[PDB]
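Working notes, structure below.
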Amino acid sequence: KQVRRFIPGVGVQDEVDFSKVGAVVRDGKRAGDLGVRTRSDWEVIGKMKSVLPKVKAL
Amino acid sequence: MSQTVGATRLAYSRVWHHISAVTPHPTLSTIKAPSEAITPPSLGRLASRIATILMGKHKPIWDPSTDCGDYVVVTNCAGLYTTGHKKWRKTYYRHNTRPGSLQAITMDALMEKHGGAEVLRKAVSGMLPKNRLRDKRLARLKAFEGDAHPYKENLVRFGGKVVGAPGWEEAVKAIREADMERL
Amino acid sequence: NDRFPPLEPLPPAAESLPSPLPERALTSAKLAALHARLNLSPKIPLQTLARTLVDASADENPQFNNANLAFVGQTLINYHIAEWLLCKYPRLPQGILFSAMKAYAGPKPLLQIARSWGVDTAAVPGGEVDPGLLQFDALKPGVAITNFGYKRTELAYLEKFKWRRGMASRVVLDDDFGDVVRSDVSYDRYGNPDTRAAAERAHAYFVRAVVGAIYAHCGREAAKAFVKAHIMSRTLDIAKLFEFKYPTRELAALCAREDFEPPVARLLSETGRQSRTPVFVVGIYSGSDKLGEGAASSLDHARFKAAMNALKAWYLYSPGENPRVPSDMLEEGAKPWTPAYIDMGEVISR
Amino acid sequence: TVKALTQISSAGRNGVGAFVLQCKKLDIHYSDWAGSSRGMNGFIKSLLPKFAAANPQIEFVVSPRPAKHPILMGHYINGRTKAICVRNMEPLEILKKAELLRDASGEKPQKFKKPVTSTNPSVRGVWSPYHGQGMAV
Amino acid sequence: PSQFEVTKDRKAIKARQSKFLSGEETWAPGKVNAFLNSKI
Amino acid sequence: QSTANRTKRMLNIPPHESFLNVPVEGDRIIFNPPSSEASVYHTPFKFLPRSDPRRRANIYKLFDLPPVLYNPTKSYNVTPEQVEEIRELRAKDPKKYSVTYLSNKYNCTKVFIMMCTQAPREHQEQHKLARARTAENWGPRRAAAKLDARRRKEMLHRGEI
Amino acid sequence: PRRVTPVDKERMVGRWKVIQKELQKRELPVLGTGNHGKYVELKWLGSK
Amino acid sequence: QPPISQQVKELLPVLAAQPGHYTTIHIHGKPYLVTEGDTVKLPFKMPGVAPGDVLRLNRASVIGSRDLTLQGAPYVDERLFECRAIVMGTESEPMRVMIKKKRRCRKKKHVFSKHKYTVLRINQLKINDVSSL
Amino acid sequence: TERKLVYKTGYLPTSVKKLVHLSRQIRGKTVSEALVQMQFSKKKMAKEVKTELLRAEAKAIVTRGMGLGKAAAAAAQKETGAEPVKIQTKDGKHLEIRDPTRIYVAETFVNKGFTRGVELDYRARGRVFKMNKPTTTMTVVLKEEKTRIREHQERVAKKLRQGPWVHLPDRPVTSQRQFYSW
Amino acid sequence: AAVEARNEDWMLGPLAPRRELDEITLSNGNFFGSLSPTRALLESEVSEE
RNA sequence: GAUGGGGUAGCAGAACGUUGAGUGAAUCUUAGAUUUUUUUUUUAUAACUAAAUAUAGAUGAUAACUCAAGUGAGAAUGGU
Ligand SMILES: [K+]
Ligand SMILES: [Mg+2]
Ligand SMILES: [Mg+2]
Ligand SMILES: [Mg+2]
Ligand SMILES: [Mg+2]
């Protein structure tokens, strides 16, 4: 199992679990391209006031 | 580090071992056949085995700095075994730094004043590390001339049977069998 | 001033609020880091993780405070730990079962769990501080979480005149850990033994809330995994929570109850008798079987030590290191439940 | 009669059950006027944006510090702090130092003495003279 | 030191010593050692 | 020695003899009972519930007793009527009918006499003072050696000794 | 954008607002040297 | 895969049933006696590992309990046990200076050494059930 | 909580190796016991140390307000029949403090000051050597008996915190090996 | 002397010394809180600049 | 999965530090510049973090690059 890693030459390489096997390296010039959760992603999660766990799960 | 995490109490305790200078020793004897020719352990071969006990080097936790030694009670030192003509031809020398004052004495003349226990203390003393623990270790060697000594109650026992006694081995195997009745 | 503009844009009526606003939690780097540090799922927003840091002493309002998140969380921790402790050690006495519960989910360990997450506390609660800091008022002791335990009528006489309490009653009247229920401002002062306890209580409430917030957002299973990972993963030597009074008498009562023949102390090995540091190895035998072994320097101490080890072995019997818990059934289909061993209670003797 | 002791608490083992990165904050102080901060300014523009995205559990705080060398000061969970001066270093050297602060712990440096460190008892108890087959001198 | 002539400052501290020891006056902390705003 | 590596070799201790007989051409399991004191988590078979299937013959089986030290005997020589006389005498003259006199008269243990009867409060306080006056004649060397004997007994019962 | 000073850190922790009251209560300067002037005892003696 | 010995198939359940278990793992050939929860401080900087990576150790010479010990000829079969670790970052030592010098020669050459060490944490050490094998 | 006075004497016409022995004689003693030992000493500097020890006590009482509770303390001892306090100094000397305000010499050391003068020693072969006439000062730290009653209680508590002597101590095995030797 | 007098007041608190009743300083011979005539009248000659 | 690794006389290369100078009428400093200390971290003859003490707005300090040397001392029965 590997964790999210930034490679200087290539870019950010997401976490991979070789037990269930995927080295995806996303490079770009914007936060969204890297594949990480940005401030905008955190504001859409805070506006989802209707989502709720199912009663059986709870 | 797990192997040494635990109770070290009994690993550092002082055990009171016992050995007779007259009982034949199949291991420390140079004559290994026939059964009737097996001799006791010689002076230097008994002393080398005792120096190992006084240093605690027989333990798996031995450390030269820590004094993890044990006690050794040596009896029947009057019949201390020796080969050749050592008893009457070996000389012990002593000097006090003053020229002229060299004191010499044979092994037999040294056994008439302080018995055979002194001849054994000199052998074990020279086999111990020359440092600040040499006198503590050598003090745990309690050598006596006959079979009488004040440590007949200190000698390590297993089930009431003193080690080296007729039936001490069987008493030890009986206690370990009950130890296996557990998870 | 003109040379030093404020680092954080805040309205003028922000230093008077009890705690920062909810929308303030969406611009702090401490929360976003504390959220990713605990690997919390994206279902839990930053506005909820910001509400777990506002103690009930910094904000009196029922909302905006940790009081109701900490309660629901305390129930999950105290429950999942108890069922796991009984399934692991089904013979523990009731007294030690409270100290083991307090050793895992008590305020002291929770304080170390809160500090292991990199949670810094705020000096004084206020709206200006960033929501990423645990904010509480240690000076105010008028904060107490609702507990299922009831108040004892003799509590006044209990502390003053040293009245007896008893163990069987602590299960109903006392709290989960057996404790008794209900046991301007100038900052020119020093720490106090009460503030030290109030600060510890604040850290404990935060950790409980994180489990309560996970339950509401992520459900039951997510909360159990969190408790199992951060709280149950800790190591505790339960053998060191044992204090015995007249152990030899207790062992005789145990053997008498279980019908075992009377215990007999036997000298397995001894050395250095008549010395400064002797060693006596004694083993207590019930007939042929060997119950416990004890090695001490005194003949009496060796017999007492051996009796304690015989009792520790009885109370510390464990069916398995990772035994099944009854809570594994209510979740998705699992193997049929197997009855767990139920002890008949600790031995009471003279 | 068994009485419970109420002065012993459980000890946490980071890495067992859950893992928590010790480095909880990283201060990045630069200077717009100092010549030694030339590389740090490049690291903040080309390598920090991605290094900060790969470590979402670290609080990065970039603030200026004129008339002073640039430093990387990481704060750890145990309360201690490690500061590294990166004066006259190239951007990629700043990233090799920032990786040292992330992989490191607040603990002070110590000489290598023993590989393994354990708090649990021995599976096979410590050696005891009396619990064996006996030894004959 | 034993031969130095006692000045007026040493003759005043010997009278205060006899007043404090006897019990006439009661000692109190100084109030002019420094002019602090805290006044504590 | 000069370096740490040289010190490690001079202080070397080989592993146990059993770990030196490594197998060849396969894996095996060997019975290696260590010469050490077992913990309290190795529950004896007598303390295991009947349901527990882990109960099994000794591992050895899958491949007289030592001297007595303390074997007490309980005796009940005091009848209910004799317990009322003990309470009368003790409360009548606590100085003459001490727990030792009554222990010998009724062939009982000194503890039992105290279980069924207690001396008057005045007499008890007189006993605590007698021992208190004896504890003030001790020097600093004997008063500290007696305090250690009281702490070693409390540490023993806490599992610290 | 600017240098973080000890004062800014106190504001973040919340301690600053408590310091303003104590200093103002004791008539001490908050972010200043006050209306007191520089040492002039040596200046009046002709010190250079 | 070679079948496990029948003698190992009858005593492994007795070995896994006991309370505690230890193992001697081999990293790059060097042994390390560890238990679940131990913190191994390797005397080298493992290349290509960040704090949080999970390793799977597969070279174990000895897996034993108090009374029972499982010894593989070269190594124990990977199917019998399961051991895993987690990288807890890297640590360093205080810079130690070695002064190389000879008698009657003023020159003192300095050697500065500061090595890094990877720290692991044994988070799983379990013996598998081999009834199927 | 504890009063203290550090008094530096004047410039005495002597050396450190001579006055060092007079500052070690009054160390630990009470101001009264020290003044009785300086009045009957054969040293010429004992008369200067006696006047400089009376000035220190005059400042300790007027400025620091030390030793001003003898009348109040004497009451509890006799009026109420109280048991005085028994302590032991760091050296081991036992004392019975009936007045906790009694002044004593906590610390004392000697420093060397400027050179008094320079005398010329004219030896043989037309050789001259400068002889430096020395000048030294002494510093005494006067405290009350509350400092000694507190320092003693701390030492007693530090001895009751190291635990008792156990017969079989659990000494650590400070050597790691990747195997079991038993 | 005021840098050390202000630290004792802050620290000693109720035990602050009554310095006004202390002896003069042999360095200059001035009492506590008192100047010298040369410094109180500013009679010390100054340079032409 | 590059090769190489002791060193005197001696030869060679690459750097740090010290004093002064240019950019400099520049940059920063009671929101603490500077403080012979202590402490912390970093492959480290050096700098850095923090703490403590004191109180400066320039007759203060200073990055970077460059220029010039009264530039680096356990060793001269050396000098003061
Ligand atoms: K400084
Ligand atoms: Mg002449
Ligand atoms: Mg070579
Ligand atoms: Mg010279
Ligand atoms: Mg000279």
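E:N33 meets all of the listed conditions (1) assigned to a helix (DSSP H, G or I); (2) surrounded by 11 or more Cβ atoms within 10 Å (Cβ to Cβ) but one, namely (1). When the range D:102-117 is filtered for residues that are within 12 Å of RNA strand K (Cβ to nearest atom) and either more than 10 Å from every other protein chain (Cβ to nearest Cβ) or in a strand (DSSP E or B) (or both), only D:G106 remains. The set of residues from the range E:8-39 being among the basic types (K, R) and farther than 25 Å from I:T51 by Cα comprises E:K31, E:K39.
Scanning the range H:68-110 for residues that are within 8 Å of RNA strand K (Cβ to nearest atom), more than 11 Å from every other protein chain (Cβ to nearest Cβ) and touching a strand residue (DSSP E or B) at 6+ places or on another chain (Cβ under 8 Å) yields H:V97, H:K100, H:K108, H:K109, H:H110. Only residues that are surrounded by 11 or more Cβ atoms within 10 Å (Cβ to Cβ) and part of a loop (DSSP other than H, G, I, E, B) were counted in the range C:152-185, giving 14.
Among the listed residues A:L58, A:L34, identify the single one that is within 14 Å of the chain's Cα centre (by Cα) and surrounded by 10 or more Cβ atoms within 10 Å (Cβ to Cβ).
None of the others qualify; the one that does is A:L34.
For the range H:112-123, the count of residues that are within 16 Å of RNA strand K (Cβ to nearest atom), loosely packed, with under 14 Cβ neighbours inside 10 Å and in a strand (DSSP E or B) is at least one.
Which residue pairs have Cβ atoms under 6 Å apart, sit 6 or more places apart or on different chains, and have a first residue in the range D:60-77 that is hydroxyl-bearing (S, T, Y) and a second that is in a loop (DSSP other than H, G, I, E, B) and near RNA strand K (Cβ under 9 Å from one of its atoms)? That search, which allows pairs on different chains as well, returns D:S63/G:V4; D:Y76/D:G106.
For the range I:104-144, the candidate set comprises residues that are surrounded by 10 or more Cβ atoms within 10 Å (Cβ to Cβ) and of a type in the set (S, T, Y); within that set, the residue that is nearest to the chain's Cα centre (by Cα) is I:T108.
Could you tell me whether any residue of the range C:36-48 is away from chain D (no Cβ under 14 Å) and surrounded by fewer than 19 Cβ atoms within 10 Å (Cβ to Cβ)?
yes
Exactly one residue among I:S41, I:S15 is of a type in the set (S, T, Y), in contact with a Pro (Cβ under 6 Å, 6 or more places away or on another chain), at negative phi and more than 10 Å from chain E (Cβ to nearest Cβ), and that residue is I:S15.
Would you confirm, using the coordinates I've provided, whether C:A144 is in a loop (DSSP other than H, G, I, E, B), aliphatic (A, V, I, L, M) and surrounded by fewer than 16 Cβ atoms within 10 Å (Cβ to Cβ)? Criteria met by C:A144.
Checking C:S288, C:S275 one by one, the residue that is over 14 Å from B:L155 (Cβ atoms) and of a type in the set (S, T, Y) is C:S288 and no other. If you go through the range B:15-28 and keep only what is crowded, with 22+ Cβ neighbours inside 10 Å and part of a loop (DSSP other than H, G, I, E, B), you end up with B:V15, B:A21. Counted as qualifying within the range B:60-150 are the strands (runs of 3 or more DSSP E) with 3 or more residues that are surrounded by 15 or more Cβ atoms within 10 Å (Cβ to Cβ), namely B:71-75, B:141-143. It is to be established whether one or more residues within the range D:22-45 are more than 9 Å from RNA strand K (Cβ to nearest atom) and over 27 Å from A:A31 (Cα atoms). No; the residues of the range D:22-45 include none that is more than 9 Å from RNA strand K (Cβ to nearest atom) and over 27 Å from A:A31 (Cα atoms).
Among what's in the range G:25-47 and is small (G, A, S) and over 19 Å from E:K39 (Cα atoms), pick the residue that is farthest from RNA strand K (Cβ to nearest atom).
G:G46
Quick check: anything in the range C:2-25 polar (S, T, N, Q), more than 16 Å from RNA strand K (Cβ to nearest atom) and over 27 Å from the mean Cα position of the chain (by Cα)? Yes, the range C:2-25 has at least one match. In the condition set (1) among the polar types (S, T, N, Q); (2) more than 7 Å from RNA strand K (Cβ to nearest atom); (3) in contact with a helix residue (DSSP H, G or I) (Cβ under 7 Å, 6 or more places away or on another chain), D:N88 is compliant with all but (2).
Does I:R102 qualify as being out of contact with any strand residue (DSSP E or B) (no Cβ under 8 Å at 6 or more places or on another chain), of a type outside the set (F, W, Y) and closer than 26 Å to I:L53 by Cα? Considered against the rule, which asks whether it is out of contact with any strand residue (DSSP E or B) (no Cβ under 8 Å at 6 or more places or on another chain), of a type outside the set (F, W, Y) and closer than 26 Å to I:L53 by Cα, I:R102 comes out as no. Residue pairs whose Cβ atoms lie under 7 Å apart, sitting 6 or more positions apart in sequence or on different chains, and linking a residue in the range B:44-66 that is away from chain I (no Cβ under 14 Å) to a partner that is basic (K, R), are B:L54/B:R137; B:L54/B:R140; B:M55/B:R137.
Scanning the range D:69-80 turns up one or more residues that are away from chain F (no Cβ under 14 Å), within 24 Å of A:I7 (Cα to Cα) and within 8 Å of RNA strand K (Cβ to nearest atom).
Against the numbered list (1) farther than 23 Å from B:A7 by Cα; (2) within 36 Å of the chain's Cα centre (by Cα), C:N309 comes up short only at (1).
We place every Cβ from the backbone using ideal geometry, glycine too, and count neighbours over all the protein chains shown. Coordinate-derived values only; no laboratory data.
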